[PDB]
Ligand SMILES: *[O-]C1=C(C2=[C][C]=[C][C]=[C]2)[C]=[C][C]=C1C1=NC2=[C]C(C([N])=[N+])=[C][C]=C2[N]1
Ligand SMILES: [Ca+2]
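In the working numbering, the protein residues as written are 10 to 232.
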């Protein structure tokens with residue numbers, strides 16, 4: 010997260026770190042046995058780490074569970090990152106409490122202007138690589154569709170939205186992909202891509218979760 014602040018230990022209890030010897034993406038807990046992340050964060054050997062804050066120290070509250078299966082959206086396009094969503098099922102269920110809780114899926118899409126919280130252990134520099142130890146947060150709004158499309162002509166589909174600041178300075182960055190964008194207590198986005206981090210007029214693009222709720226629901230119901 011570039012230009013964000015330290016969330017404070019376990020203040021984002023639905024945030025998960027996907028680990029394969031190190032942290033490579035974030036994700037969101039939506040129920041006791043399922044996480045939602047981004048399709049390009051797919052790999053085998055994923056351990057989902059819950060109740061974290063410093064990802065390099067065991068501080069207590071952590072639950073480490075292995076993924077039983079990951080489901081990449083079938084129409085995921087790696088060249089356009091259209092449909093960049095993935096569901097990970099956990100081997101056993103997580104123990105929910107005040108430090109590990111899930112987040113509700115939206116019933117309606119959010120409107121431009123809506124302010125949301127984006128979190129993650131990603132890079133904090135736009136020009137360089139500095140990965141933090143504890144979780145970072147950034148409050149950013151959803152932009153209108155015309156600004157998004159005017160920033161990324163020909164690269165935004167209806168399953169994507171831009172959120173951020175056009176003046177630059179604040180944005181999600183690498184290490185944040187897969188993580189959440191929660192607005193009014195509903196998961197409205199997943200960190201998907203961007204051009205650099207915190208650059209001027211190049212806001213971050215997020216996968217539009219309101220467009221996948223029936224799919225998340227039906228897939229989870231059948232697996
Ligand atoms: O996410 C990502 C990755 C990556 C590839 C494959 C698996 C896991 C991660 C590699 C490089 C960069 C990124 C990435 N860049 C980026 C930029 C923004 C932004 N500027 N808003 C958000 C999220 C990411 N991820
Ligand atoms: Ca830790």
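We treat Cβ as the ideally placed atom computed from N, Cα and C, and that holds for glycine.
First through last residue of the alpha helix (DSSP H) which encompasses residue i
{"i": "residue 224", "result": "222-231"}
{"i": "residue 37", "result": "Run containing residue 37: none in the alpha helix (DSSP H); it sits in the beta strand (DSSP E), 32-40."}
{"i": "residue 158", "result": "154-160"}
Cβ-based neighbour list, residue i, same chain, cut-off 8 Å, excluding 5 preceding and 5 following
{"i": "residue 120", "result": "151"}
{"i": "residue 14", "result": "145, 146 and 147"}
{"i": "residue 157", "result": "165, 169, 170, 171, 212 and 214"}
{"i": "residue 100", "result": "74, 75, 76 and 77"}
{"i": "residue 107", "result": "19 and 22"}
Whether residue i touches residue j by CB criterion (7 Å)
{"i": "residue 192", "j": "residue 125", "result": "yes"}
{"i": "residue 47", "j": "residue 81", "result": "no"}
{"i": "residue 35", "j": "residue 213", "result": "no"}
{"i": "residue 28", "j": "residue 56", "result": "yes"}
{"i": "residue 11", "j": "residue 182", "result": "yes"}
{"i": "residue 52", "j": "residue 77", "result": "no"}
{"i": "residue 94", "j": "residue 196", "result": "no"}
{"i": "residue 142", "j": "residue 19", "result": "no"}
{"i": "residue 45", "j": "residue 25", "result": "no"}
{"i": "residue 231", "j": "residue 90", "result": "no"}
{"i": "residue 177", "j": "residue 149", "result": "no"}
{"i": "residue 184", "j": "residue 130", "result": "yes"}
{"i": "residue 153", "j": "residue 16", "result": "no"}
{"i": "residue 79", "j": "residue 92", "result": "no"}
Per DSSP, the bridge partner or partners of residue i
{"i": "residue 51", "result": "Partner(s): none; residue 51 has no beta bridge."}
{"i": "residue 14", "result": "146"}
{"i": "residue 91", "result": "86"}
{"i": "residue 215", "result": "170 and 200"}
{"i": "residue 66", "result": "In the DSSP output, where bridge partners are listed per residue, residue 66 has none listed."}
{"i": "residue 57", "result": "27 and 74"}
{"i": "residue 112", "result": "Looking at the DSSP assignment, residue 112 forms no beta bridge with any residue, so it has no partner."}
{"i": "residue 99", "result": "76"}
First and last residue of the uninterrupted beta strand (DSSP E) at residue i
{"i": "residue 128", "result": "124-129"}
{"i": "residue 172", "result": "169-172"}
{"i": "residue 179", "result": "No beta strand (DSSP E) holds residue 179; DSSP gives it neither H nor E."}
{"i": "residue 78", "result": "72-81"}
{"i": "residue 44", "result": "43-46"}
{"i": "residue 192", "result": "189-192"}
Local Cβ density within 10 Å of residue i, reported as buried at 16 or more and exposed below that
{"i": "residue 61", "result": "buried"}
{"i": "residue 134", "result": "exposed"}
{"i": "residue 67", "result": "exposed"}
{"i": "residue 227", "result": "exposed"}
{"i": "residue 189", "result": "buried"}
{"i": "residue 117", "result": "exposed"}
{"i": "residue 217", "result": "buried"}
{"i": "residue 86", "result": "exposed"}
{"i": "residue 132", "result": "buried"}
Sequence-distant residues of its chain with Cβ nearer than 6 Å to residue i (five each side left out)
{"i": "residue 8", "result": "With the chain running from 10 to 232 in the structure shown, residue 8 is simply not present."}
{"i": "residue 222", "result": "114"}
{"i": "residue 175", "result": "210"}
Same chain, Cβ closer than 7 Å to residue i, neighbours up to 5 away in sequence not counted
{"i": "residue 72", "result": "59, 60, 103, 104 and 109"}
{"i": "residue 23", "result": "37, 38, 110, 111, 112 and 189"}
{"i": "residue 204", "result": "211"}
Test: residue i CB closer than 7 Å to a CB of chain D
{"i": "residue 73", "result": "The chain labelled as chain D is not found in the depicted structure, where only one protein chain is given."}
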